[PDB]
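There are 2 protein chains.
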Amino acid sequence: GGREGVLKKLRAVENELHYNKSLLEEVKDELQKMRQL
Amino acid sequence: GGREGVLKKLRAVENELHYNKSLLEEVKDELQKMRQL
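Chains as they are written, first to last, in our numbering: chain A, 1 to 37; chain B, 1 to 37.
Quick look at the structure:
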């Protein structure tokens, strides 16, 4: 039960997931785009 | 060391992953749409 290198690792994980999230939204926006042009 | 801010962080992580999951299915559905049939 020390301190937490674990929290630090989870924070990186959650930041990396938010980065994949903005990219996925970018893919989605680009798709709902070329469903026109 | 007895409680868990860790659990809380993991719960936000897992929720964020389920959000990317629905968007990824929305991408795939949109793709299998603008396809052959």
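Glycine included, every Cβ here is placed at the ideal spot set by N, Cα and C.
Residue span of the alpha helix (DSSP H) that contains residue i, given as start and end
i, result
"B:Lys-21", "5-31"
Of the residues the options, the one placed nearest residue i, counting alpha carbons only
i, options, result
"A:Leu-31", "B:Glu-16, B:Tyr-19 and B:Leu-24", "B:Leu-24"
9 Å Cβ cut-off: residues of chain B touching residue i
i, result
"A:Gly-1", "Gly-1 and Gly-2"
Beta-carbon contacts of residue i that lie in its chain and below 6 Å, excluding the five residues immediately before and after
i, result
"A:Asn-20", "none"
"B:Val-6", "none"
Amino acids of chain A, ordered along the chain, whose beta-carbon sits closer than 7 Å to that of residue i
i, result
"B:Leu-17", "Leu-17"
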